[PDB]
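Asker: structure here, sequence nowhere to be found:
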Ligand SMILES: CC(C)[C@H](Nc1ncnc2[nH]c(-c3ccnc(OCCN(C)C)c3)cc12)c1ccc2c(c1)S(=O)(=O)CCC2
């Protein structure tokens, strides 16, 4: 079956959320698009990007280095479409701002706007974790910006509960 997402909670007509590891979701669902929480040089050294790359047995990193050689780095707020490998048909590498490294939080709207070029996506919560954005703010920007169908996988039950409670206020 195609895009067989299971156990998500529907927040709006186009945003769904689950307490799950995005890697495990991608292996099970094999969505049309999986979003990577990338950096501008597509160096998948840890966190979500390192976990997605390891699940491809480093094929994503080799492909990413070849893309950077020919095209140069992305911009913060920008994206590129590369292979999904064994995880999806495509991987949309999206650069959210890293607030802990001084980048502008307003670029989070530009980052989520990349999602609107794809009908259905499996994605992480952009700029959360060690990128330093307030995760409740990142969910509000996602809900206000994305118009296509997005399935958010958040791998932390404590944060999942805080995000759902924050949305349902
Ligand atoms: C907020 C947090 C809960 C969330 N984390 C995650 N959200 C969704 N899916 C996730 N998988 C993993 C993961 C990390 C290590 N190893 C893994 O797999 C190893 C076991 N397998 C072999 C069974 C999976 C983490 C993760 C998240 C959201 C956005 C960002 C980050 C973190 S960040 O990486 O800190 C910076 C970039 C933006």
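Answerer: Cool, the structure landed. Residues are numbered from 1 along each chain as shown.

Asker: near the ligand, which residues of the protein?
Answerer: 21-23, 37, 47-48, 51, 124-125, 128-131, 135, 153-156, 159 (Cβ under 6 Å from any ligand atom). In short, each C-beta sits where N, CA and C put it, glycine included.

Asker: secondary structure class of residue 42, three-state.
Answerer: At residue 42 the chain is in coil, as set by DSSP: H, G, I helix; E, B strand; the rest coil.

Asker: how many neighbours does it have?
Answerer: The tally of other residues near residue 42 (other Cβ atoms under 10 Å) stands at 24.

Asker: so which bits of the longest helix belonging to the chain are buried?
Answerer: Secondary structure of the chain per DSSP state H: the longest helix is helix 59-71. The neighbour-count check on helix 59-71 (16 or more other Cβ atoms under 10 Å) flags 60-61, 63-64, 67-68 as buried.

Asker: off-centre distance for that helix?
Answerer: 19 Å (Cα atoms, centre = their mean, to the nearest Å).

Asker: this structure: helices as residue ranges?
Answerer: Using DSSP H, helices in the chain cover 22-29, 47-55, 59-71, 107-113, 135-145, 157-167.

Asker: need the contact list for residue 103.
Answerer: Residues in contact with residue 103, defined by Cβ atoms under 8 Å, 6 or more residues apart in numbering, are 76, 97.
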